[PDB]
>>> print(open('input_17.tsv').read())   # TSV, C-alpha atoms and all ligand atoms
chain	number	residue	atom	x	y	z
A	51	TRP	CA	150.96	28.63	70.71
A	52	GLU	CA	154.21	26.78	71.50
A	53	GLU	CA	152.25	23.53	72.03
A	54	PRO	CA	148.87	24.40	70.49
A	55	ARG	CA	147.49	20.87	70.06
A	56	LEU	CA	146.66	18.24	72.66
A	57	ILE	CA	145.87	14.90	71.01
A	58	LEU	CA	144.11	11.79	72.34
A	59	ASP	CA	143.64	8.69	70.19
A	60	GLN	CA	141.62	5.54	70.83
A	61	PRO	CA	141.57	2.65	68.33
A	62	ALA	CA	138.23	1.37	69.61
A	63	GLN	CA	137.44	-2.28	68.81
A	64	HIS	CA	134.30	-3.26	70.76
A	69	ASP	CA	134.05	-2.73	63.60
A	70	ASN	CA	137.44	-1.01	63.76
A	71	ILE	CA	136.92	2.72	64.42
A	72	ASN	CA	140.08	4.82	64.85
A	73	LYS	CA	139.04	7.91	66.82
A	74	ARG	CA	141.30	10.92	67.40
A	75	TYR	CA	140.27	13.55	69.95
A	76	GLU	CA	142.13	16.84	69.76
A	77	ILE	CA	141.76	20.36	71.19
A	78	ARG	CA	143.29	23.54	69.78
A	79	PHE	CA	144.29	26.70	71.66
A	80	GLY	CA	143.28	29.98	70.07
A	81	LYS	CA	143.41	33.62	71.11
A	82	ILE	CA	144.34	35.10	74.49
A	83	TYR	CA	141.97	37.68	75.97
A	84	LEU	CA	142.94	40.00	78.82
A	85	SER	CA	140.89	42.44	80.88
A	86	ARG	CA	141.44	45.19	83.39
A	87	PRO	CA	141.78	43.94	86.99
A	88	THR	CA	138.52	43.16	88.77
A	89	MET	CA	137.54	42.40	92.37
A	90	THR	CA	134.94	39.77	93.27
A	91	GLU	CA	133.23	40.12	96.64
A	92	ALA	CA	131.75	37.43	98.90
A	93	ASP	CA	128.20	38.54	98.07
A	94	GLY	CA	128.92	37.82	94.38
A	95	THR	CA	129.14	41.31	92.90
A	96	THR	CA	132.14	42.56	90.92
A	97	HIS	CA	133.71	45.98	90.37
A	98	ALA	CA	136.85	47.54	88.95
A	99	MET	CA	139.85	47.34	91.28
B	226	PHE	CA	170.42	54.65	48.92
B	227	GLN	CA	168.53	57.27	46.89
B	228	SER	CA	167.05	54.56	44.63
B	229	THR	CA	163.29	54.32	45.15
B	230	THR	CA	163.41	50.51	45.46
B	231	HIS	CA	165.83	50.65	48.41
B	232	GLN	CA	163.77	53.35	50.16
B	233	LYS	CA	160.52	51.40	49.72
B	234	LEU	CA	162.19	48.20	50.98
B	235	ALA	CA	163.58	50.03	54.01
B	236	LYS	CA	160.19	51.61	54.76
B	237	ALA	CA	158.36	48.28	54.40
B	238	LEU	CA	160.82	46.38	56.60
B	239	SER	CA	160.89	49.15	59.22
B	240	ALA	CA	157.10	49.42	59.50
B	241	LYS	CA	156.57	45.65	59.24
B	242	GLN	CA	158.15	44.97	62.65
B	243	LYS	CA	156.44	47.99	64.26
B	244	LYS	CA	152.99	46.35	64.21
B	245	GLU	CA	152.88	43.78	67.03
B	246	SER	CA	149.68	43.24	69.02
B	247	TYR	CA	148.39	39.69	69.56
B	248	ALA	CA	146.36	39.86	72.78
B	249	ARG	CA	142.87	41.36	72.44
B	250	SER	CA	141.24	43.21	75.32
B	251	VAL	CA	137.84	42.24	76.76
B	252	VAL	CA	135.52	43.38	79.56
B	253	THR	CA	134.62	41.01	82.41
B	254	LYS	CA	131.10	41.55	83.75
B	255	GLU	CA	130.89	38.67	86.25
B	256	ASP	CA	133.06	36.35	88.32
B	257	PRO	CA	135.30	34.26	86.00
B	258	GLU	CA	134.96	31.26	88.36
B	259	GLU	CA	131.14	31.22	88.17
B	260	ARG	CA	131.11	28.79	85.22
B	261	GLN	CA	133.44	26.36	87.02
B	262	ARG	CA	131.39	26.25	90.23
B	263	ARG	CA	128.01	26.03	88.45
B	264	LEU	CA	129.24	23.17	86.24
B	265	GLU	CA	130.76	21.44	89.29
B	266	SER	CA	127.37	21.72	91.01
B	267	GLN	CA	125.59	20.27	87.96
B	268	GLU	CA	128.15	17.45	87.72
B	269	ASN	CA	127.76	16.63	91.42
B	270	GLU	CA	123.96	16.57	91.01
B	271	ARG	CA	124.13	14.21	88.04
B	272	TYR	CA	126.71	12.07	89.88
B	273	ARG	CA	124.22	11.70	92.74
B	274	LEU	CA	121.41	10.87	90.29
B	275	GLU	CA	123.58	8.32	88.46
B	276	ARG	CA	124.64	6.71	91.76
C	1	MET	CA	156.28	70.83	104.90
C	2	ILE	CA	155.37	74.32	106.07
C	3	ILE	CA	157.72	77.24	106.82
C	4	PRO	CA	159.31	76.93	110.30
C	5	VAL	CA	158.34	79.57	112.84
C	6	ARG	CA	161.90	80.18	114.08
C	7	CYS	CA	165.36	79.90	112.59
C	8	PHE	CA	166.98	76.68	113.81
C	9	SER	CA	170.35	78.27	114.62
C	10	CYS	CA	169.42	81.54	116.31
C	11	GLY	CA	165.64	81.60	116.73
C	12	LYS	CA	164.69	84.66	114.69
C	13	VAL	CA	161.03	84.60	113.67
C	14	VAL	CA	161.03	83.71	109.96
C	15	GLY	CA	157.50	82.29	109.80
C	16	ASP	CA	155.87	85.62	108.95
C	17	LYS	CA	157.97	86.29	105.83
C	18	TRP	CA	157.07	83.42	103.46
C	19	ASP	CA	154.23	85.17	101.62
C	20	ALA	CA	156.23	88.41	101.34
C	21	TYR	CA	159.15	86.38	99.94
C	22	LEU	CA	156.88	84.80	97.32
C	23	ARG	CA	155.46	88.25	96.47
C	24	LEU	CA	158.95	89.71	96.03
C	25	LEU	CA	159.97	86.78	93.82
C	26	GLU	CA	156.79	87.36	91.77
C	27	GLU	CA	157.73	91.02	91.23
C	28	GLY	CA	161.01	89.89	89.63
C	29	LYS	CA	163.53	90.41	92.42
C	30	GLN	CA	166.45	88.02	92.75
C	31	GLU	CA	166.41	85.63	95.72
C	32	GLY	CA	169.36	87.34	97.41
C	33	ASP	CA	167.80	90.77	96.88
C	34	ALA	CA	164.45	89.49	98.16
C	35	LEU	CA	166.12	88.11	101.30
C	36	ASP	CA	167.90	91.45	101.75
C	37	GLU	CA	164.55	93.27	101.48
C	38	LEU	CA	163.10	91.05	104.24
C	39	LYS	CA	166.02	92.04	106.54
C	40	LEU	CA	167.49	88.53	106.80
C	41	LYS	CA	171.18	89.33	107.28
C	42	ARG	CA	172.70	86.22	108.87
C	43	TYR	CA	173.11	83.32	106.45
C	44	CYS	CA	171.62	80.95	109.04
C	45	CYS	CA	168.29	82.76	108.61
C	46	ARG	CA	168.75	83.05	104.83
C	47	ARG	CA	169.19	79.27	104.65
C	48	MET	CA	165.80	78.73	106.35
C	49	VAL	CA	163.85	80.64	103.69
C	50	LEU	CA	166.08	79.84	100.70
C	51	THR	CA	165.97	76.04	101.13
C	52	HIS	CA	162.39	75.53	102.32
C	53	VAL	CA	160.17	73.20	100.29
C	54	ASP	CA	156.42	73.74	100.67
C	55	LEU	CA	155.04	70.20	100.86
C	56	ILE	CA	151.69	71.17	102.45
C	57	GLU	CA	150.49	72.32	99.01
C	58	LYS	CA	150.81	68.72	97.79
C	59	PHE	CA	149.17	67.31	100.94
C	60	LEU	CA	146.18	69.64	100.51
C	61	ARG	CA	145.33	68.23	97.06
C	62	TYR	CA	143.93	65.03	98.60
C	63	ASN	CA	140.24	65.13	99.45
C	64	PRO	CA	139.39	65.67	103.15
C	65	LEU	CA	138.65	62.55	105.18
C	66	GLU	CA	135.90	64.09	107.34
C	67	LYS	CA	133.02	66.38	106.41
D	193	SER	CA	89.83	50.04	120.79
D	194	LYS	CA	90.75	52.81	123.21
D	195	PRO	CA	91.53	56.27	121.77
D	196	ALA	CA	95.19	57.19	121.37
D	197	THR	CA	96.56	59.89	123.67
D	198	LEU	CA	99.27	62.47	122.96
D	199	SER	CA	102.05	60.36	124.49
D	200	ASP	CA	101.12	57.37	122.30
D	201	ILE	CA	101.51	59.53	119.18
D	202	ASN	CA	104.74	60.97	120.61
D	203	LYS	CA	106.14	57.43	120.93
D	204	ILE	CA	105.89	57.00	117.15
D	205	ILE	CA	107.41	60.37	116.18
D	206	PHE	CA	109.57	59.79	113.09
D	207	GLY	CA	111.72	62.83	112.37
D	208	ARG	CA	113.02	64.13	109.06
D	209	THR	CA	116.52	62.99	110.07
D	210	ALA	CA	115.07	59.56	110.86
D	211	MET	CA	113.23	59.64	107.52
D	212	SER	CA	116.52	60.37	105.71
E	274	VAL	CA	99.21	62.37	102.54
E	275	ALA	CA	95.84	64.06	103.06
E	276	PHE	CA	94.33	66.58	105.42
E	277	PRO	CA	90.90	65.54	106.74
E	278	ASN	CA	89.15	68.82	105.85
E	279	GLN	CA	91.24	69.35	102.70
E	280	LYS	CA	92.00	66.86	99.91
E	281	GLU	CA	94.86	64.50	99.08
E	282	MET	CA	98.32	66.00	98.53
E	283	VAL	CA	101.65	64.54	97.43
E	284	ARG	CA	104.48	66.08	99.44
E	285	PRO	CA	108.24	65.47	99.66
E	286	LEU	CA	109.89	64.29	102.86
E	287	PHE	CA	111.70	67.51	103.87
E	288	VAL	CA	108.39	69.39	104.36
E	289	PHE	CA	107.88	67.56	107.67
E	290	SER	CA	109.41	69.16	110.76
E	291	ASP	CA	111.41	67.44	113.49
E	292	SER	CA	109.51	69.44	116.14
E	293	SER	CA	106.85	67.65	118.19
E	294	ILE	CA	103.14	68.07	117.51
E	295	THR	CA	101.59	70.70	119.77
E	296	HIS	CA	98.28	70.50	121.65
E	297	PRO	CA	96.27	72.97	119.44
E	298	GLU	CA	97.52	71.16	116.32
E	299	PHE	CA	96.26	67.79	117.57
E	300	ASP	CA	93.02	69.41	118.76
E	301	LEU	CA	92.44	70.91	115.30
E	302	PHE	CA	93.20	67.51	113.74
E	303	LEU	CA	90.59	65.91	116.03
E	304	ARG	CA	88.04	68.59	115.08
E	305	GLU	CA	88.71	67.96	111.37
E	306	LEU	CA	88.26	64.21	111.94
E	307	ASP	CA	84.95	64.84	113.73
E	308	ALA	CA	83.82	67.17	110.93
E	309	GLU	CA	84.61	64.52	108.32
E	310	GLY	CA	83.20	61.77	110.55
E	311	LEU	CA	86.32	59.69	111.18
E	312	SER	CA	87.91	58.15	114.27
E	313	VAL	CA	91.38	58.00	115.81
E	314	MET	CA	93.85	55.11	115.51
E	315	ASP	CA	93.32	52.37	118.10
E	316	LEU	CA	95.84	51.83	120.90
E	317	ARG	CA	96.48	48.28	119.68
E	318	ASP	CA	97.26	49.68	116.22
E	319	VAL	CA	99.42	52.38	117.86
E	320	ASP	CA	101.44	49.66	119.62
E	321	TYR	CA	101.66	47.70	116.35
E	322	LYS	CA	103.03	50.78	114.57
E	323	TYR	CA	105.48	51.39	117.43
E	324	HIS	CA	106.75	47.80	117.25
E	325	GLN	CA	107.03	48.11	113.45
E	326	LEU	CA	109.13	51.29	113.76
E	327	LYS	CA	111.37	49.76	116.45
E	328	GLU	CA	111.88	46.58	114.40
E	329	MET	CA	112.65	48.58	111.24
E	330	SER	CA	115.08	50.88	113.06
E	331	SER	CA	116.83	47.97	114.81
E	332	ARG	CA	116.83	45.72	111.73
E	333	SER	CA	120.13	44.56	110.23
E	334	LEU	CA	120.31	44.90	106.46
E	335	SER	CA	121.42	42.03	104.24
E	336	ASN	CA	124.06	42.20	101.51
E	337	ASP	CA	121.45	42.12	98.72
E	338	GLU	CA	119.38	44.85	100.38
E	339	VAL	CA	122.47	47.06	100.81
E	340	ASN	CA	123.44	46.55	97.15
E	341	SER	CA	119.89	47.41	96.06
E	342	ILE	CA	119.96	50.62	98.13
E	343	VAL	CA	123.39	51.50	96.69
E	344	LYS	CA	122.14	50.92	93.12
E	345	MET	CA	119.05	53.03	93.85
E	346	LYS	CA	121.16	55.92	95.15
E	347	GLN	CA	123.56	55.50	92.21
E	348	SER	CA	120.55	55.96	89.94
E	349	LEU	CA	119.77	59.04	92.06
E	350	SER	CA	123.46	60.07	92.01
E	351	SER	CA	123.76	63.18	89.84
E	352	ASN	CA	127.57	63.33	90.15
E	353	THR	CA	130.31	62.15	92.52
E	354	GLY	CA	134.06	62.43	91.91
E	355	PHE	CA	134.94	58.85	92.85
E	356	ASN	CA	132.06	57.50	90.74
E	357	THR	CA	133.02	59.73	87.79
E	358	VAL	CA	136.60	58.41	87.93
E	359	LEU	CA	135.31	54.82	88.08
E	360	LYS	CA	132.94	55.43	85.15
E	361	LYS	CA	135.73	57.03	83.11
E	362	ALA	CA	138.00	54.05	83.82
E	363	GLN	CA	135.25	51.60	82.80
E	364	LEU	CA	134.65	53.63	79.62
E	365	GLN	CA	138.39	53.51	78.87
E	366	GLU	CA	138.34	49.71	79.28
E	367	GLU	CA	135.33	49.48	76.96
E	368	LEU	CA	137.16	51.75	74.49
E	369	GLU	CA	140.26	49.54	74.43
E	370	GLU	CA	138.01	46.48	73.96
E	371	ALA	CA	136.33	48.19	70.99
E	372	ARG	CA	139.69	49.26	69.53
E	373	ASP	CA	141.12	45.74	69.83
E	374	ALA	CA	137.99	44.38	68.10
E	375	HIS	CA	138.44	46.78	65.11
E	376	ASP	CA	135.01	48.34	65.74
E	377	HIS	CA	135.35	51.81	64.21
E	378	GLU	CA	131.76	52.83	65.05
E	379	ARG	CA	131.54	52.12	68.80
E	380	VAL	CA	134.91	53.77	69.54
E	381	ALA	CA	133.72	57.13	68.13
E	382	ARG	CA	130.68	57.10	70.42
E	383	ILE	CA	132.83	56.19	73.44
E	384	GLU	CA	135.29	58.99	72.57
E	385	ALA	CA	132.41	61.49	72.26
E	386	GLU	CA	130.98	60.34	75.61
E	387	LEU	CA	134.41	60.65	77.27
E	388	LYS	CA	134.82	64.14	75.79
E	389	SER	CA	131.42	65.13	77.18
E	390	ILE	CA	132.18	63.69	80.64
E	391	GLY	CA	135.78	64.98	80.75
E	392	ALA	CA	137.48	68.41	80.66
E	393	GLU	CA	137.99	68.72	84.41
E	394	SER	CA	139.52	71.63	86.34
F	28	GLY	CA	126.49	53.06	119.14
F	29	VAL	CA	129.88	53.61	117.51
F	30	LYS	CA	130.36	56.21	114.79
F	31	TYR	CA	132.12	55.49	111.51
F	32	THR	CA	133.08	57.37	108.35
F	33	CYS	CA	133.15	56.20	104.74
F	34	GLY	CA	136.49	56.05	102.97
F	35	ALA	CA	135.07	57.47	99.73
F	36	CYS	CA	132.19	59.90	100.33
F	37	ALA	CA	133.05	60.78	103.99
F	38	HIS	CA	129.54	59.96	105.23
F	39	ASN	CA	128.87	59.33	108.92
F	40	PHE	CA	126.72	56.48	110.23
F	41	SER	CA	126.60	53.84	112.96
F	42	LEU	CA	126.82	50.06	113.24
F	43	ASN	CA	125.31	47.62	115.75
F	44	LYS	CA	127.84	44.72	115.40
F	45	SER	CA	125.42	42.93	113.04
F	46	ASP	CA	125.42	44.88	109.75
F	47	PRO	CA	127.89	44.20	106.93
F	48	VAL	CA	130.90	46.51	106.93
F	49	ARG	CA	129.82	48.80	104.07
F	50	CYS	CA	128.94	52.41	103.40
F	51	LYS	CA	125.20	53.07	103.47
F	52	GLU	CA	125.01	55.51	100.57
F	53	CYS	CA	127.87	54.74	98.13
F	54	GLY	CA	128.57	51.14	99.19
F	55	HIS	CA	132.30	51.48	99.74
F	56	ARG	CA	133.91	48.51	101.47
F	57	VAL	CA	136.36	50.68	103.45
F	58	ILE	CA	135.27	52.61	106.56
F	59	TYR	CA	137.14	54.37	109.36
F	60	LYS	CA	136.41	54.82	113.05
F	61	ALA	CA	135.63	58.30	114.31
F	62	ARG	CA	137.88	60.19	116.71
F	63	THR	CA	137.29	59.63	120.43
F	64	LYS	CA	135.59	62.02	122.84
F	65	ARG	CA	138.17	61.88	125.66
F	66	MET	CA	140.20	65.01	126.31
F	67	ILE	CA	143.35	65.39	124.22
F	68	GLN	CA	146.22	67.53	125.55
F	69	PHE	CA	149.72	68.33	124.27
F	70	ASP	CA	152.68	70.06	125.91
F	71	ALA	CA	153.61	72.36	122.95
F	72	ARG	CA	157.29	71.42	123.03
G	153	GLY	CA	134.30	26.04	72.19
G	154	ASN	CA	134.66	29.46	73.79
G	155	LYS	CA	136.71	31.57	76.23
G	156	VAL	CA	137.94	29.50	79.17
G	157	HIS	CA	139.41	31.25	82.22
G	158	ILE	CA	142.93	29.88	82.70
G	159	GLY	CA	144.07	32.04	85.61
G	160	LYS	CA	144.83	35.50	86.93
G	161	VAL	CA	148.11	37.30	86.16
G	162	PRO	CA	149.34	40.07	88.51
G	163	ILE	CA	149.54	43.49	86.85
G	164	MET	CA	152.56	45.78	87.10
G	165	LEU	CA	151.56	49.27	88.19
G	166	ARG	CA	151.60	52.16	85.66
G	167	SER	CA	151.97	49.70	82.76
G	168	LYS	CA	149.75	49.59	79.66
G	169	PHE	CA	147.34	47.19	81.41
G	170	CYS	CA	147.12	49.13	84.70
G	171	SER	CA	144.13	51.30	85.57
G	172	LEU	CA	146.39	54.23	86.54
G	173	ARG	CA	147.94	54.53	83.05
G	174	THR	CA	145.08	56.67	81.76
G	175	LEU	CA	144.11	58.66	84.86
G	176	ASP	CA	145.31	62.24	84.70
G	177	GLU	CA	146.68	64.27	87.55
G	178	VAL	CA	143.35	65.13	89.10
G	179	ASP	CA	141.77	61.67	89.12
G	180	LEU	CA	145.10	60.30	90.38
G	181	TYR	CA	144.63	62.56	93.41
G	182	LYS	CA	141.00	61.43	93.75
G	183	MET	CA	142.19	57.79	93.69
G	184	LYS	CA	144.60	58.51	96.61
G	185	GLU	CA	147.62	57.77	94.41
G	186	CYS	CA	150.77	59.86	94.69
G	187	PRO	CA	151.72	61.55	91.39
G	188	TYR	CA	155.41	61.11	92.26
G	189	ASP	CA	154.96	57.33	92.37
G	190	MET	CA	156.53	55.74	89.31
G	191	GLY	CA	155.15	52.20	89.26
G	192	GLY	CA	157.14	49.20	88.16
G	193	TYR	CA	156.02	46.88	90.96
G	194	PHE	CA	153.24	44.43	91.79
G	195	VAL	CA	150.76	44.30	94.68
G	196	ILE	CA	150.44	40.75	96.05
G	197	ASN	CA	148.23	40.46	99.17
A	401	ZN	ZN	169.17	82.61	112.18
A	402	ZN	ZN	130.40	56.20	101.13
>>> encode(input="input_17.tsv", output="structure tokens")
Amino acid sequence: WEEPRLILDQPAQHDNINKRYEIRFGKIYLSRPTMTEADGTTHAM
Amino acid sequence: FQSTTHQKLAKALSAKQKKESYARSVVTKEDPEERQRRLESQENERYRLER
Amino acid sequence: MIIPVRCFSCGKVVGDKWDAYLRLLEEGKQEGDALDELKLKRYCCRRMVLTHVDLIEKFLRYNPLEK
Amino acid sequence: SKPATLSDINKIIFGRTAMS
Amino acid sequence: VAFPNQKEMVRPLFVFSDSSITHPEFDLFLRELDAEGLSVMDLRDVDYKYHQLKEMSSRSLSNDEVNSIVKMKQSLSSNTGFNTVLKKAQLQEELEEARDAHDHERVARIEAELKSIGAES
Amino acid sequence: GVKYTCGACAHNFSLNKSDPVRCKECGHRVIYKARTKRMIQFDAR
Amino acid sequence: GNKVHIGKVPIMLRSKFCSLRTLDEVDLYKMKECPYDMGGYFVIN
């Protein structure tokens, strides 16, 4: 949450349309450690 | 100190900083990298089709 | 790990007195009195039984590797 | 089409240990 | 399985004996087949069965087949200490997920299940 | 040809240098070789 | 817009997010962990 907003702008002219594209960061989710095998299965480590 | 206002303020400020839990637990059922590789495969397929 | 068979200094057999020592301590005897009852006179032999730590009891709590 | 002998049946013995 | 003279029977695997079939046993089996009016397995079919058994015994299992067998035996697994510890750990992870999600109904069921599974010696 | 032992359920089996390294019954990924058959002698000193 | 996996963080042993935090003395023995071990370290490779 220190820098929660990435912003991209594009004043498209190709009828002027000023477009802002932005992504927000939300919650953090953690899990217990897991092990992923070569055959694709997973299990608790 | 014995005033009720001071005791309530002390209780509120002491218990206010005790509650601190931002991260929420979750259960992983599959490989976390499965989405990345499947979307990379789809993107490579549509790149070949577009080419 | 497990009680030595012989005293290191003189070689008296002390490996047959561990269970009797534990029994005597269970009955409420003091450690010195229990060692006196087991006829361990020299302090070299008393050191062997008084300072032994039974680590095999911890090693036996892990499940066996072969069945 | 020939009948099976005792040795032929003995070749395909599948024990209880083998079953397990 | 089915006796020739008798009728069909469903039997478990341990009933069979590792000892070889004796001569009077095979003779009685042949007499029962003749009484019912059946024949004996052909030598070509005997060789086909022998090759099938040798191929199955010398086959190398795949990862998916091994996982399927393990899941099947886990379904058959009544209890195993390592598996009970793993299940209890997974239940604890599910319980912390439910607690962090403020789900007061699921957590009670998980606690009851853990209480039923637990209380070891 | 060579005996093994599972690291979890202590089950004995064999491998033919072509099967995946896994326990047959509980599917553990850790197995151990069995002790040899050669004679083992010590000098009790 | 949902959960995106951003990486894996090593877990310190016997912490709140370790699997051994809950295990009691008996399951700790079944897991081949020493009860005298105190944690406070990571396992990398
Ligand atoms: Zn001595
Ligand atoms: Zn196993």
>>> residues_near_ligand(input="input_17.tsv", ligand="ligand ZN 402 (chain A)", cutoff="7 Å", atoms="only C-alpha atoms and all ligand atoms", output="PyMOL selection string")
chain F and resi 33-38+50-55
>>> residues_around(input="input_17.tsv", residues="residue F:42", least_positions_apart="6", cutoff="12 Å", atoms="all atoms listed in the file", output="PyMOL selection string")
(chain E and resi 330-334) or (chain F and resi 28-32+48-51+58-60)
>>> residues_near_ligand(input="input_17.tsv", ligand="ligand ZN 401 (chain A)", cutoff="6 Å", atoms="only C-alpha atoms and all ligand atoms", output="mmCIF file with C-alpha atoms, in the frame of the given file")
data_model
loop_
_atom_site.group_PDB
_atom_site.id
_atom_site.type_symbol
_atom_site.label_atom_id
_atom_site.label_comp_id
_atom_site.auth_asym_id
_atom_site.auth_seq_id
_atom_site.Cartn_x
_atom_site.Cartn_y
_atom_site.Cartn_z
ATOM 1 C CA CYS C 7 165.360 79.900 112.590
ATOM 2 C CA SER C 9 170.350 78.270 114.620
ATOM 3 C CA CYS C 10 169.420 81.540 116.310
ATOM 4 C CA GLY C 11 165.640 81.600 116.730
ATOM 5 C CA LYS C 12 164.690 84.660 114.690
ATOM 6 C CA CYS C 44 171.620 80.950 109.040
ATOM 7 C CA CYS C 45 168.290 82.760 108.610
#
>>> residues_around(input="input_17.tsv", residues="residue A:59", least_positions_apart="3", cutoff="12 Å", atoms="all atoms listed in the file", output="ChimeraX atom specification")
/A:56,62,71-77
>>> interface_residues(input="input_17.tsv", of="chain A", to="chain F", cutoff="12 Å", atoms="all atoms listed in the file", output="PyMOL selection string")
chain A and resi 89+91-93+95+97+99
>>> interface_residues(input="input_17.tsv", of="chain E", to="chain D", cutoff="12 Å", atoms="only C-alpha atoms", output="CSV table (one decimal) with C-alpha atoms, in the frame of the given file")
chain,number,residue,atom,x,y,z
E,285,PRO,CA,108.2,65.5,99.7
E,286,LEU,CA,109.9,64.3,102.9
E,287,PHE,CA,111.7,67.5,103.9
E,288,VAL,CA,108.4,69.4,104.4
E,289,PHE,CA,107.9,67.6,107.7
E,290,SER,CA,109.4,69.2,110.8
E,291,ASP,CA,111.4,67.4,113.5
E,292,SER,CA,109.5,69.4,116.1
E,293,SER,CA,106.8,67.6,118.2
E,294,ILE,CA,103.1,68.1,117.5
E,295,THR,CA,101.6,70.7,119.8
E,296,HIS,CA,98.3,70.5,121.6
E,297,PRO,CA,96.3,73.0,119.4
E,298,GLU,CA,97.5,71.2,116.3
E,299,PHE,CA,96.3,67.8,117.6
E,300,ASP,CA,93.0,69.4,118.8
E,303,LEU,CA,90.6,65.9,116.0
E,312,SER,CA,87.9,58.2,114.3
E,313,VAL,CA,91.4,58.0,115.8
E,314,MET,CA,93.8,55.1,115.5
E,315,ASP,CA,93.3,52.4,118.1
E,316,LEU,CA,95.8,51.8,120.9
E,317,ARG,CA,96.5,48.3,119.7
E,318,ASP,CA,97.3,49.7,116.2
E,319,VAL,CA,99.4,52.4,117.9
E,320,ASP,CA,101.4,49.7,119.6
E,321,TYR,CA,101.7,47.7,116.4
E,322,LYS,CA,103.0,50.8,114.6
E,323,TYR,CA,105.5,51.4,117.4
E,324,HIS,CA,106.8,47.8,117.2
E,325,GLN,CA,107.0,48.1,113.4
E,326,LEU,CA,109.1,51.3,113.8
E,327,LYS,CA,111.4,49.8,116.4
E,329,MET,CA,112.6,48.6,111.2
E,330,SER,CA,115.1,50.9,113.1
>>> residues_near_point(input="input_17.tsv", point="(149.5, 68.8, 100.2)", cutoff="12 Å", atoms="all atoms listed in the file", output="list in words")
residues 1, 2, 53, 54, 55, 56, 57, 58, 59, 60, 61, 62, 63 and 64 of chain C; 181, 184, 186 and 187 of chain G
>>> closest_residue(input="input_17.tsv", among="A:78, A:55, A:90, A:83", to="chain E", atoms="all atoms listed in the file")
A:83
>>> axis_aligned_box(input="input_17.tsv", around="chain D", padding_each_side="3 Å", output="lines of an AutoDock Vina configuration file")
center_x = 103.2
center_y = 57.1
center_z = 115.1
size_x = 32.7
size_y = 20.1
size_z = 24.8
>>> atom_distance(input="input_17.tsv", atom1="atom CA of residue E:370", atom2="atom CA of residue A:85")
8.5 Å
>>> closest_residue(input="input_17.tsv", among="E:386, E:309, E:337, E:369", to="residue F:47", atoms="all atoms listed in the file")
E:337
>>> residues_around(input="input_17.tsv", residues="residue G:164", least_positions_apart="6", cutoff="6 Å", atoms="all atoms listed in the file", output="PyMOL selection string")
chain G and resi 192-194
>>> closest_atom_pairs(input="input_17.tsv", of="chain B", to="chain G", cutoff="10 Å", atoms="all atoms listed in the file", output="JSON lines")
{"residue": "B:250", "atom": "CA", "partner": "G:169", "partner_atom": "CA", "distance": 9.5}
{"residue": "B:257", "atom": "CA", "partner": "G:157", "partner_atom": "CA", "distance": 6.3}
{"residue": "B:258", "atom": "CA", "partner": "G:157", "partner_atom": "CA", "distance": 7.6}
{"residue": "B:260", "atom": "CA", "partner": "G:156", "partner_atom": "CA", "distance": 9.2}
{"residue": "B:261", "atom": "CA", "partner": "G:157", "partner_atom": "CA", "distance": 9.1}
>>> write_last_selection(input="input_17.tsv", atoms="C-alpha atoms", output="tab-separated table (two decimals), keeping the file's coordinate frame")
chain	number	residue	atom	x	y	z
B	250	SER	CA	141.24	43.21	75.32
B	257	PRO	CA	135.30	34.26	86.00
B	258	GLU	CA	134.96	31.26	88.36
B	260	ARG	CA	131.11	28.79	85.22
B	261	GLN	CA	133.44	26.36	87.02
>>> atom_distance(input="input_17.tsv", atom1="atom CA of residue E:394", atom2="atom CA of residue E:378")
29.4 Å
>>> closest_residue(input="input_17.tsv", among="B:234, B:255, B:243, B:229", to="residue A:96", atoms="all atoms listed in the file")
B:255
>>> closest_residue(input="input_17.tsv", among="F:72, F:45, F:66, F:61", to="chain C", atoms="all atoms listed in the file")
F:61
>>> interface_residues(input="input_17.tsv", of="chain E", to="chain F", cutoff="12 Å", atoms="only C-alpha atoms", output="list in words")
residues 330, 331, 332, 333, 334, 335, 336, 337, 338, 339, 340, 341, 342, 343, 344, 345, 346, 347, 348, 349, 350, 352, 353, 354, 355, 356, 358 and 359 of chain E
>>> interface_residues(input="input_17.tsv", of="chain G", to="chain E", cutoff="7 Å", atoms="only C-alpha atoms", output="list in words")
residues 171, 179 and 182 of chain G
>>> build_atoms(input="input_17.tsv", residues="stretch 240-245 of chain B", atoms="N, CA and C atoms", output="PDB file, in the coordinates of the input")
ATOM      1  N   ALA B 240     158.464  49.394  58.992  1.00  0.00           N
ATOM      2  CA  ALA B 240     157.100  49.420  59.500  1.00  0.00           C
ATOM      3  C   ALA B 240     156.482  48.041  59.655  1.00  0.00           C
ATOM      4  N   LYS B 241     157.097  47.000  59.083  1.00  0.00           N
ATOM      5  CA  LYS B 241     156.570  45.650  59.240  1.00  0.00           C
ATOM      6  C   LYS B 241     156.736  45.153  60.678  1.00  0.00           C
ATOM      7  N   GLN B 242     157.889  45.415  61.290  1.00  0.00           N
ATOM      8  CA  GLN B 242     158.150  44.970  62.650  1.00  0.00           C
ATOM      9  C   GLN B 242     157.604  45.933  63.706  1.00  0.00           C
ATOM     10  N   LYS B 243     157.044  47.078  63.299  1.00  0.00           N
ATOM     11  CA  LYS B 243     156.440  47.990  64.260  1.00  0.00           C
ATOM     12  C   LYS B 243     155.076  47.509  64.731  1.00  0.00           C
ATOM     13  N   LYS B 244     154.323  46.835  63.866  1.00  0.00           N
ATOM     14  CA  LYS B 244     152.990  46.350  64.210  1.00  0.00           C
ATOM     15  C   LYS B 244     153.126  45.016  64.929  1.00  0.00           C
ATOM     16  N   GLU B 245     152.790  44.999  66.220  1.00  0.00           N
ATOM     17  CA  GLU B 245     152.880  43.780  67.030  1.00  0.00           C
ATOM     18  C   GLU B 245     151.865  43.894  68.160  1.00  0.00           C
TER      19      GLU B 245
END
